[PDB]
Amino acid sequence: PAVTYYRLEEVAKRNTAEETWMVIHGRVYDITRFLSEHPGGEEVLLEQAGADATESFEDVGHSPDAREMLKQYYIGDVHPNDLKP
């Protein structure tokens, strides 16, 4: 299978509105175009851009519909050596 992998070092560089990546559950999402659409606003996303936002994403209690949106932004998996517990 042709899965794309990213190191966290790479993901961390995509930390502004120019190109915004985020890790949730060991996957990388490019949410650049979603910033202006996110119901929770842009700032909560930018504050964790380039980082692992799993804990915040889960703590907010996002709906099943919100979760299903992730397929629009998925760009690859975190490299296995860089996965969080």
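All residue numbers are counted from 1 along the displayed sequence.
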- Higher-scoring stretch by recorded Cα B factor average, 73-81 or 8-16: 8-16
- Task: Could you look up the Cα B-factor of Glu55 in the entry and say which third of the chain it sits in: lowest, middle or highest?
- Result: middle
- Using the B-factors in the PDB entry, rank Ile31's C-alpha atom against the chain and give the third, lowest, middle or highest. middle
- Query: When the modelled residues of the chain are sorted by Cα temperature factor, does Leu45 land in the lowest, middle or highest third?
  - Reply: lowest
